[PDB]
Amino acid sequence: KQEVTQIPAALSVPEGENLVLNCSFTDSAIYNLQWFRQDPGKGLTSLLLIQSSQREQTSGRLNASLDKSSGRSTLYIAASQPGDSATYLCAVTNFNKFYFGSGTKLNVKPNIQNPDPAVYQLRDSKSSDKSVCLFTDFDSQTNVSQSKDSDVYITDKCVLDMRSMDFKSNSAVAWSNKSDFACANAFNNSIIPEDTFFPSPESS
């Protein structure tokens, strides 16, 4: 009869903004409520544990309230950072059971200071039969879509940080081994900046 609900399912925001993560539970007879983060391909990290007798806990930029009788907890994350990106899980400990919510998947986007959107062709590999195109250096407002073609593969924006240069950049990779494939067309199903640089012939 315990049901734990978390909203939003997914949150994407600009770095620096405050965030609100909501948890609710139908059975108020809990011993503790606990918030965790989980990164891709890893286990969970405990962030806060709020005992049933406590109303809140704080650790750094994280503060969570517990309203036991209302069946609610809210996690507030101040001044979000890229390294906050994770899945955040709400769990409750009941008399003789333990229940986890389905999570909020948080992505905190960098503010790109100097966008320079471009689509480049990487060099042919002599030990691969794929052609590879790199869409890079675009602002974090850009959305990368899948191709119309089932044999063209496109991976979502990924942020890299060149720490010693004070520099971060988004990119998406597209590839295929079909012959009617070119970098000029690879991202045609996405809305890309009108000023995107297509070098001749890192494109077509």
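Throughout, we count residues from 1 along the sequence that is shown.
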### Task
Decide which of the stretches 13 to 21 and 178 to 186 has the higher mean C-alpha B-factor, going by the entry.
178 to 186
### Task
Read off the CA B-factors in the entry, average them over 129 to 137 and over 88 to 96, and name the higher stretch.
88 to 96
### Query
Highest Cα B-factor in the PDB entry belongs to which of 154, 66, 49, 165?
165
### Residue selected from 59, 38, 70, 54 by maximal Cα B factor
54
### Query
What third of the chain, by the recorded C-alpha B-factor, contains residue 44?
middle
### Query
Lowest, middle or highest third: where is residue 146 by Cα B-factor in its chain?
highest
### Query
Thinking about Cα B factors across the chain, which third does residue 74 belong to?
lowest
### Task
Sort the modelled residues of this chain by their C-alpha B factor and say whether residue 34 lands in the lowest, middle or highest third.
lowest
### Entry-reported Cα temperature factor of residue 102, expressed as the chain third it lands in
middle
